[PDB]
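Below: the structure, in C-alpha cells.
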Amino acid sequence: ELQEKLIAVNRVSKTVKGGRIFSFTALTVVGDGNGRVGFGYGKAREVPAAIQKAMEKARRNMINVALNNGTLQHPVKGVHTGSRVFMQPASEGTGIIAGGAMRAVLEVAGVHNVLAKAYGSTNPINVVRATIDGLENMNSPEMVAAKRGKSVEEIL
Amino acid sequence: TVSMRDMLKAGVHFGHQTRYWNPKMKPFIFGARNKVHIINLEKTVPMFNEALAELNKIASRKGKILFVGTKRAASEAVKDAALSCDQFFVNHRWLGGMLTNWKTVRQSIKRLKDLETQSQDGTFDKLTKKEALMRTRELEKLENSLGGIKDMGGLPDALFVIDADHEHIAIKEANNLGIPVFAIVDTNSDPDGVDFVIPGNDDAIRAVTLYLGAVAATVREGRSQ
Amino acid sequence: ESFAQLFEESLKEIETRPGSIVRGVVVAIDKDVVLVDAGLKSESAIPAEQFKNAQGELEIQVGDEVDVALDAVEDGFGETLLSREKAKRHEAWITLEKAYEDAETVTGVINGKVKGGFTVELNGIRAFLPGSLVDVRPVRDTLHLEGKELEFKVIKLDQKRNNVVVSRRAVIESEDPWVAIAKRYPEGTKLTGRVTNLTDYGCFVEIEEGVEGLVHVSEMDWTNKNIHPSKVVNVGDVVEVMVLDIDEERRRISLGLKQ
Amino acid sequence: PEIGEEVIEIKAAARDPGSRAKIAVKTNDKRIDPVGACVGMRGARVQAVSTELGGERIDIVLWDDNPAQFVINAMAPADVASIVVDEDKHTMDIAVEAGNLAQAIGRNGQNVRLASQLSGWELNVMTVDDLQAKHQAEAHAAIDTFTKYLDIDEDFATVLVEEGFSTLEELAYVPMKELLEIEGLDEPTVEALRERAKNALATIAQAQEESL
Amino acid sequence: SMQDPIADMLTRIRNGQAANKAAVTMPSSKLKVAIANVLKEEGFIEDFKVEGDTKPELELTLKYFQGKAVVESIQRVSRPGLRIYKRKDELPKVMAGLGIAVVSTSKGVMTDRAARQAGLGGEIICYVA
RNA sequence: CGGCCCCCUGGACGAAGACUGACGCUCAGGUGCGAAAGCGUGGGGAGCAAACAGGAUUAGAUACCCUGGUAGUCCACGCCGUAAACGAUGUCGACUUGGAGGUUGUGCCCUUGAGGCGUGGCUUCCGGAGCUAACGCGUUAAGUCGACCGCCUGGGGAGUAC
RNA sequence: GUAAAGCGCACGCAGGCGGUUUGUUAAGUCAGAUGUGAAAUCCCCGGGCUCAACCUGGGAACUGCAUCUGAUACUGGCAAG
C-alpha cells in the first residue's frame with residue numbers, strides 16, 4: 001500500500017592514511033498516497049544497502065498532512081537551511097508542477113495538483129526537508145476553526 | 001492519596017539553589033528561602049495524584065513499568081520499590097540506547113541469562129580458574145547493568161524517573177519511542193520532555209523514598225484491579 | 001491555601017541560619033560519612049571526625065541531634081558547613097558566662113607555651129594562650145606534674161581572634177588586622193589555625209582575625225617536592241603553624257609548618 | 001524481525017489455523033507501522049505465512065488503543081461501524097449493515113468464532129436496524145415493567161417520562177438538577193419523585209423479602 | 001523613534017505568542033483598540049481590556065490551543081514607509097480565506113470578508129493567520 | 001585619553017519634584033573632528049630609530065642578530081584626511097526565558113557587622129528560545145518588528161586608467 | 001559579523017517618516033455614476049469557409065484619465081488640547 005521513491009543517491013568520500021574510502025548516500029521518501037509522508041537518508045559502503053536503510057528510516061518518523069481532496073488547503077511556504085520552497089494549491093487536472101526531489105515527495109504524499117517552486121538552494125536533501133516542513137505546518141479549515149473557537153461555516 | 005504534611009516532613013518542598021534553577025520551572029516554584037528555591041506544594045500535590053492515577057490505570061491494563069534512578073544515593077531504594085510491585089528497574093547507569101536500541105540490548109539480556117543459568121542450574125563446576133573468574137566478572141557486570149530489566153521481554157509501557165536532568169537520555173529515548181514518562185523534576189531540571197511532571201526534591205533521600213512508595217502502592221493496586 | 005503561605009512563614013519562624021537549632025537527626029551512619037537532615041534542601045555529607053569525642057570512637061547513633069552550620073548553599077549538590085563549628089558557639093557561650101560572675105570555672109591544664117602562652121584545652125578542643133595567662137604569678141607549671149588539673153582563669157583574650165589564655169593553678173586567686181600587625185610578629189610566634197583550602201601549592205591556614213597564611217608547599221613536612229599537601233595534613237583542621245614572616249603591606253603572612 | 005526485537009506489540013493471536021488467521025498488533029508510536037512490517041512489499045512476508053503450514057486467510061489489524069478499538073479490529077477484514085458494551089461479559093454486539101454483513105459474517109461457523117476469540121471473550125454480530133430495534137426495547141422497559149418504581153398520577157407520569165432519558169430505573173444517581181428545568185418544579189418533589197423510585201427499589205427488595 | 005504604533009502592537013502580540021505569555025500590555029490607541037476588537041471577534045485572542053485615564057494601557061489576553069499559539073502569523077501590510085490601499089474587488093484572501101486581513105474602511109475597521117460584504121475597500125492594516 | 005597641582009571647559013548618570021508641551025527620528029549634498037606615518041615654517045633633540053656605515057650569518061644576505069647612526073619621534077602654528085580608523089556588526093525606537101560578575105549611583109532595613117531587600121546607568125563572560133551555510137549571536141541579537149540612510153551583484157583586469 | 005556589501009566618527013539643510021485626544025476639512029483613500037479610453041489585436045460565448053489556420057456577430061477587457069455625487073476608518077491639511 002505504501003509507495004516509496006528513491007530521490008537521489010550520491011557517492012561521498014572519507015580520506016584516510018591509505019587513500020579515499022567511498023560510500024553511498026540514498027535519499028528516499030515514502031507515503032501511502034494520503035496525508036501520511038516520511039523521508040529517509042541512508043548511508044552504506046554499497047548502494048543497495050544504503051537505499052534499503054533509507055527505506056527503513058523513512059518508514060519510521062512518518063508525518064501526517066491534512067489534504068483537501070487532491071490538492072492543498074492553502075498556499076504554504078517551507079524552508080530548510082538553503083532550500084526555500086513555495087507551493088500552492090491548484091485545480092484538478094493541473095498535476096504536480098514541481099521540480100526534482102520536491103516533486104517526488106509530493107507524489108508519495110498523494111497530492112495530485114500543485115503549483116510549486118523551489119527558491120534558493122535545490123540540494124535534494126534540504127529541499128525535501130523544506131517540503132515536508134511546509135506540508136506539516138499547513139493546517140486545515142476544521143483545525144483553524146477548532147483553534148479559534150468557531151464553526152467551519154463561520155470561517156468559510 | 002499522599003498528604004501534604006507528609007511531603008513537607010519528607011522535604012519535598014525544598015528545591016535547588018537560585019543560581020542553578022530552570023525558568024521553565026518558574027510555575028512550579030513558590031518562593032526562595034535563604035537563597036534556595038521552594039517548590040509550591042499546592043501545585044505539586046494534585047499533579048502527583050494525577051500521575052499516580054495514570055500509573056494505576058497503566059497497571060490495570062497489564063502495563064510494564066520501568067523505574068529509573070542512577071543517583072547512587074537512592075539506587076537501593078528504587079530497586080526495592082521495583083521489587084515490591086514486581087516491576088522492572090535501572091538503578092545503575094542507564095545504557096545509552098537501552099530502549100531505542102533494544103534489539104541489541106536484548107541479546108545482552110540473553111547473554112546475561114545464559115551466564116546466570118550456567119552459574120546456578122548447571123552445577124557443572126570444573127572450569128579453568130582465570131576463565132572462571134572472567135565469567136564471574138562478566139556476570140557481575142551484566143547483573144549490575146541489566147538485572148531489573150532481564151525479565152522484561154519487550155519495551156515498557158511507562159517510565160517512572162527520579163531525576164529528569166540526570167536521566168535525560170532515558171527521557172529522550174522514551175519520547176522518541178513515545179513511552180509515557182513520569183518524572184520527579186527539581187527546580188534545576190527540564191520538564192519539557194516529561195509527560196507527567198512531578199516537582200519534588202530529587203536529591204533528598206526520604207522524599208525520594210516517599211515518591212517511590214506511593215508509586216509502588218498504586219502499581220500494586222492497579223495489578224489487583 | 002494560605003495554609004501553605006502561613007506554613008512557609010511558620011517554618012521560617014522555626015529555623016535559623018547558623019548551627020544553632022539542634023535539628024538534624026542522624027539518619028545514616030557508615031564509615032567514614034555521617035549524614036543528617038535539619039530541614040534543609042539536602043542531607044549533609046558529614047565527616048566522622050566532627051563526631052568522635054576525645055579518644056577516637058563515635059558517640060551518636062541513629063536519631064541523634066546536633067545542629068551544623070549554614071549561610072553557604074549548594075556547591076553543586078548538598079547542604080552544610082560542619083557542626084563542630086556549632087560547638088564553637090557553645091564554647092564561646094561558656095567563655096562569655098564568666099563575665100556574669102567574673103569567673104568561668106572548668107578544668108584547664110596548660111603544659112607548655114606554644115606562642116609564649118601555655119595551651120589550655122577544654123573538653124574536646126585545645127586553644128592557645130598568651131604567656132601571662134597560664135600562671136597567675138611566675139609560678140610556671142613546668143615544675144607542676146605534667147598536664148596537671150586545675151581550671152582556667154582567664155588572663156587575656158583577643159576578642160576577634162580566638163586566642164584565649166587561662167590561669168591554671170592557684171584556686172585562691174580571684175583596616176583592622178593590618179595597622180597593628182605586630183602581635184604574633186617577632187620572629188617565631190606559633191599559632192593554632194584551622195586550614196581552609198589546599199590549592200595544590202598551599203594549605204591556607206588562616207585563623208587570626210581576617211588574615212591569610214600560606215604554609216605553601218616547601219616546609220609542611222620533611223620532604224620537599226613530592227608531597228602534595230592534601231595527602232600530608234588535612235582539610236579543615238587546627239594545626240601547629242607559626243608566622244616565620246609578615247608583610248603588613250602586601251598582606252602576605254607566610255607561615256610555616258616544618259617547625 | 002521487528003516483532004523479535006520488541007518493535008511489533010503482539011498480544012493475543014485469536015486465529016483458527018486451517019482457515020482464517022486474522023490477528024491485531026500494537027506498536028510504540030515511532031513511524032513503525034506493525035501491520036505494514038507484518039505484510040511487507042505487496043504481502044511479501046504475508047505470502048510466506050499464507051502458504052506456510054497451509055492455505056490460511058492470515059490478516060493483520062492496526063491495534064489502536066484499549067479494548068474498544070480491539071472490537072472493530074476483531075471484525076476485520078470487514079466494515080464495523082458501532083458496538084454495545086456491558087460489565088464482566090460486555091459481549092461486543094457487532095453493529096454492521098446487511099450488505100457489508102455478508103463479508104463481515106463471512107461463514108456462519110468460521111468468522112463468528114475466529115473474531116469471537118479476537119477480544120478473548122465473545123462477539124454477537126447484529127445489524128444496524130437490529131441495534132435500533134433492541135435499543136428501543138430498552139427505553140420502554142425501564143418503563144416496560146408494569147412501572148414498579150415511584151408512581152403517582154399517570155397524566156403527570158406521561159409528561160415526565162416523555163422528557164425522561166432511560167425511564168427512572170435507578171436514575172437518582174444521575175444529575176438531580178436537569179429535571180428541575182422541566183416546566184413545573186416548585187419545592188423538591190420531582191427530586192422527591194426520584195426518591196420514590198428509590199423507595200420503589202426498596203419496595204422491590206421488600207418484594208424479595210416476600211419471596212426470600 | 002517610535003514611528004508605527006500598530007506594528008509595535010503586532011510585534012508585541014507575536015512575541016507574547018512565541019513566549020507563551022498569557023497577556024500582553026501596551027499603551028492604548030483608538031486604532032489599536034479597534035484592531036483588538038476585530039481580533040477578538042475573529043477569535044485570535046480571548047479578550048482585550050483598556051485601563052487608565054491619562055495614559056491608558058491596552059491589555060490583550062492571548063490564546064493557546066493545544067499548547068501552541070493561536071496567532072500563527074501576523075504581519076503589517078500598510079506601513080508608514082509605504083501605504084497600501086485596496087479597492088473592494090482587489091481585496092486579498094489570507095491563507096486562502098482561513099486567515100483574515102484587517103482593513104480600515106470608511107465605515108470603520110473590519111476584516112476583509114466583512115469589507116467585501118459591505119462593498120468597499122480601504123487601507124490594509126495587517127494579515128492575521 | 002594615564003605622575004600630582006591649579007585655571008578655563010564639554011558630556012554622562014542618579015534623586016526627587018517643578019516646567020515646556022511632539023519641540024521628535026533619520027539624512028543625499030554640506031560642514032566639522034579624524035591614529036601612525038608624511039609635508040611646510042620656526043624651535044627642540046636625552047632615549048629610540050626608517051635611511052646609511054661597519055661586523056657577523058649565509059651559496060648569496062641590498063634581511064633577520066651585533067656596533068654605531070641621521071630624518072622622525074618632542075613643542076608651536078598650518079596642511080594631509082588615510083588605517084584590520086574592527087564588534088570586520090549604520091543610527092533611533094519598541095518587544096521576547098536566565099545565570100555569574102565588575103563598576104557607579106540611589107531608596108528602605110535593627111548598617112545589631114564586612115551585611116539584608118530592592119531600584120537606576122554603563123559594562124565582561126556563559127547560555128535558552130529564536131536565528132544562522134555553519135561558525136556562532138543570543139535583552140549590549142546576528143531574535144521578533146518599525147523609520148531613515150549607506151553599500152553589494154562572479155573572479156581577475158582594478159579601487160587601476162582617463 | 002566571516003562569502004561582494006555598514007561611510008572612520010559625528011552635526012545637520014533639503015528630503016523621508018512622525019506620540020496621544022477632540023473638532024473640522026475632504027487632498028490622498030474608498031464607493032457609485034457620467035464622459036472618454038478609435039478600430040483591429042488578446043480573452044468569453046457564438047456563426048462561416050468540409051476541418052483548421054483564416055474570416056466573422058455580440059460581449060468582456062482596455063487595470064487609466066477627467067468630472068459630478070457620496071463615505072470619513074486611516075494618511076494629510078487647518079484649529080484647539
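Residues are named by chain letter and number: chains run A, B, ... in the order of the C-alpha cells, numbers start at 1 in each chain, and ligands are numbered from 1 in the order shown.
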Practice item. Assign secondary structure with DSSP using the backbone only, and return the residues of stretch 74-168 of chain D in strand (DSSP E or B) as a PyMOL selection string. Key: chain D and resi 82+92+95-96+123+126-127
So that I have them on file, write out the residues from the current selection with N, CA and C atoms, as a short mmCIF file (atom, residue, chain, number, x, y, z; two decimals), in the first residue's frame.
data_model
loop_
_atom_site.label_atom_id
_atom_site.label_comp_id
_atom_site.auth_asym_id
_atom_site.auth_seq_id
_atom_site.Cartn_x
_atom_site.Cartn_y
_atom_site.Cartn_z
N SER D 82 -20.36 0.45 14.71
CA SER D 82 -20.60 0.68 16.16
C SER D 82 -20.64 -0.66 16.91
N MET D 92 -19.40 -7.94 22.92
CA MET D 92 -19.30 -6.99 21.78
C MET D 92 -20.39 -7.28 20.74
N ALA D 95 -22.22 -4.18 15.20
CA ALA D 95 -23.30 -3.40 14.56
C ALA D 95 -22.87 -3.01 13.14
N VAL D 96 -23.30 -3.79 12.14
CA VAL D 96 -22.95 -3.52 10.72
C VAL D 96 -24.23 -3.53 9.87
N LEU D 123 -18.28 -12.30 20.64
CA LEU D 123 -18.97 -11.20 19.92
C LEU D 123 -20.36 -11.67 19.46
N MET D 126 -24.59 -8.33 14.78
CA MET D 126 -26.01 -7.92 14.61
C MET D 126 -26.14 -7.06 13.35
N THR D 127 -27.26 -6.34 13.22
CA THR D 127 -27.49 -5.46 12.04
C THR D 127 -27.76 -4.03 12.52
#
Exercise for review: List the neighbours of residue A:92 out to 12 Å using only C-alpha atoms (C1' of nucleotides); skip same-chain residues closer than 2 positions along the sequence, and give me the result as JSON, numbers by chain.
Suggested key: {"A": [68, 69, 70, 71, 72, 89, 90, 94, 95, 96, 111, 112, 113, 114, 115]}
Atoms to include: N, CA and C atoms. Write the selected residues as a PDB file, in the first residue's frame.
ATOM      1  N   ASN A  68      -6.922  18.668   1.541  1.00  0.00           N
ATOM      2  CA  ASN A  68      -8.198  18.878   0.887  1.00  0.00           C
ATOM      3  C   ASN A  68      -8.044  18.171  -0.448  1.00  0.00           C
ATOM      4  N   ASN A  69      -9.151  17.687  -0.977  1.00  0.00           N
ATOM      5  CA  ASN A  69      -9.262  16.451  -1.751  1.00  0.00           C
ATOM      6  C   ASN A  69      -7.992  15.969  -2.450  1.00  0.00           C
ATOM      7  N   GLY A  70      -7.546  16.601  -3.532  1.00  0.00           N
ATOM      8  CA  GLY A  70      -6.348  16.140  -4.211  1.00  0.00           C
ATOM      9  C   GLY A  70      -5.196  17.097  -4.089  1.00  0.00           C
ATOM     10  N   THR A  71      -5.470  18.282  -3.579  1.00  0.00           N
ATOM     11  CA  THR A  71      -4.548  19.391  -3.539  1.00  0.00           C
ATOM     12  C   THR A  71      -4.410  19.867  -2.104  1.00  0.00           C
ATOM     13  N   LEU A  72      -3.801  21.026  -1.966  1.00  0.00           N
ATOM     14  CA  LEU A  72      -3.580  21.588  -0.656  1.00  0.00           C
ATOM     15  C   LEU A  72      -4.758  22.443  -0.228  1.00  0.00           C
ATOM     16  N   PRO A  89      -1.956  25.488  -3.779  1.00  0.00           N
ATOM     17  CA  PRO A  89      -2.986  24.542  -4.197  1.00  0.00           C
ATOM     18  C   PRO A  89      -3.527  24.899  -5.564  1.00  0.00           C
ATOM     19  N   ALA A  90      -3.963  23.877  -6.291  1.00  0.00           N
ATOM     20  CA  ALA A  90      -4.279  24.065  -7.694  1.00  0.00           C
ATOM     21  C   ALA A  90      -5.436  23.174  -8.111  1.00  0.00           C
ATOM     22  N   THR A  94      -4.483  19.848 -13.157  1.00  0.00           N
ATOM     23  CA  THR A  94      -3.243  20.564 -13.416  1.00  0.00           C
ATOM     24  C   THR A  94      -2.019  19.691 -13.181  1.00  0.00           C
ATOM     25  N   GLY A  95      -2.102  18.744 -12.253  1.00  0.00           N
ATOM     26  CA  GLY A  95      -0.970  17.894 -11.953  1.00  0.00           C
ATOM     27  C   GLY A  95       0.056  18.568 -11.066  1.00  0.00           C
ATOM     28  N   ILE A  96       1.122  17.822 -10.795  1.00  0.00           N
ATOM     29  CA  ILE A  96       2.180  18.274  -9.898  1.00  0.00           C
ATOM     30  C   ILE A  96       3.162  19.096 -10.720  1.00  0.00           C
ATOM     31  N   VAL A 111      -0.738  14.143  -2.983  1.00  0.00           N
ATOM     32  CA  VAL A 111      -1.221  15.353  -3.627  1.00  0.00           C
ATOM     33  C   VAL A 111      -1.116  15.165  -5.129  1.00  0.00           C
ATOM     34  N   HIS A 112      -2.177  15.532  -5.842  1.00  0.00           N
ATOM     35  CA  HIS A 112      -2.223  15.359  -7.280  1.00  0.00           C
ATOM     36  C   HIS A 112      -2.104  16.655  -8.062  1.00  0.00           C
ATOM     37  N   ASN A 113      -2.304  17.802  -7.422  1.00  0.00           N
ATOM     38  CA  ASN A 113      -2.462  19.069  -8.133  1.00  0.00           C
ATOM     39  C   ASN A 113      -1.820  20.186  -7.318  1.00  0.00           C
ATOM     40  N   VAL A 114      -0.647  20.645  -7.751  1.00  0.00           N
ATOM     41  CA  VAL A 114       0.066  21.703  -7.049  1.00  0.00           C
ATOM     42  C   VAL A 114       0.814  22.563  -8.047  1.00  0.00           C
ATOM     43  N   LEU A 115       1.045  23.815  -7.662  1.00  0.00           N
ATOM     44  CA  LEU A 115       1.931  24.724  -8.376  1.00  0.00           C
ATOM     45  C   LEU A 115       3.025  25.100  -7.400  1.00  0.00           C
TER      46      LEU A 115
END
Name the residues in contact with residue D:128 at a cut-off of 12 Å, using only C-alpha atoms (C1' of nucleotides), excluding same-chain residues fewer than 6 positions from it; report them as a short mmCIF file (atom, residue, chain, number, x, y, z; two decimals) with C-alpha atoms, in the first residue's frame.
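The resulting file, selection-v2.cif, is reproduced below:
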data_model
loop_
_atom_site.label_atom_id
_atom_site.label_comp_id
_atom_site.auth_asym_id
_atom_site.auth_seq_id
_atom_site.Cartn_x
_atom_site.Cartn_y
_atom_site.Cartn_z
CA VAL D 80 -17.54 -2.24 11.60
CA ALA D 81 -19.45 0.99 12.50
CA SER D 82 -20.60 0.68 16.16
CA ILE D 83 -20.83 -1.84 19.09
CA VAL D 84 -22.53 -2.17 22.54
CA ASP D 93 -22.60 -6.68 19.80
CA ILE D 94 -21.19 -6.15 16.24
CA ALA D 95 -23.30 -3.40 14.56
CA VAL D 96 -22.95 -3.52 10.72
CA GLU D 97 -25.26 -3.37 7.63
CA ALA D 98 -26.76 -6.43 5.83
CA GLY D 99 -24.85 -5.54 2.61
CA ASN D 100 -21.49 -5.49 4.50
CA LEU D 101 -22.67 -8.30 6.88
CA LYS D 134 -33.08 -3.66 20.62
CA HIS D 135 -32.20 -0.02 21.53
#
Check your understanding: Can you tell me how far atom CA of residue E:68 sits from atom CA of residue E:21, in Å to one decimal?
Key ->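 Separation between atom CA of residue E:68 and atom CA of residue E:21: 11.5 Å.
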Practice item. Within chain A, find each residue whose DSSP state, derived from the backbone, is helix (DSSP H, G or I), and express the selection as a PyMOL selection string. Key: chain A and resi 47-59+101-109+124-137+141-148+152-155
Exercise for review: Would you kindly report the residues of chain D within 8 Å of chain B, using only C-alpha atoms, as a list in words?
Suggested key: residues 4, 5, 6, 7, 28, 29 and 30 of chain D
Would you mind exporting N, CA, C and O atoms of the selected residues as a compact mmCIF listing (two decimals), in the first residue's frame?
# COMPACT_ATOMS: atom_id res chain seq x y z
N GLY D 4 10.47 -9.72 16.78
CA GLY D 4 11.53 -10.39 17.58
C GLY D 4 12.34 -9.41 18.41
O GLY D 4 12.71 -9.78 19.54
N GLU D 5 12.58 -8.21 17.89
CA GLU D 5 13.38 -7.18 18.61
C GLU D 5 12.45 -6.19 19.32
O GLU D 5 12.81 -5.00 19.40
N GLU D 6 11.31 -6.68 19.81
CA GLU D 6 10.32 -5.85 20.55
C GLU D 6 10.03 -4.55 19.79
O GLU D 6 10.34 -3.47 20.32
N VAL D 7 9.43 -4.67 18.59
CA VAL D 7 9.08 -3.46 17.78
C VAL D 7 7.63 -3.61 17.31
O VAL D 7 7.04 -2.60 16.88
N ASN D 28 4.81 0.97 19.59
CA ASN D 28 5.15 2.27 20.22
C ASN D 28 5.26 3.29 19.09
O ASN D 28 6.17 3.14 18.25
N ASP D 29 4.35 4.28 19.08
CA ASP D 29 4.28 5.34 18.04
C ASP D 29 5.69 5.88 17.72
O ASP D 29 6.16 6.76 18.46
N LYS D 30 6.32 5.35 16.68
CA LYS D 30 7.68 5.78 16.28
C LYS D 30 7.90 5.47 14.79
O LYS D 30 8.97 4.93 14.46
Exercise for review: Excluding residue D:110 and any residue of its chain fewer than 6 positions from it, enumerate the residues within 12 Å of it, using only C-alpha atoms (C1' of nucleotides), and give them as an MDAnalysis selection string.
Suggested key: chainID D and resid 15:22 57 103:104 116:117
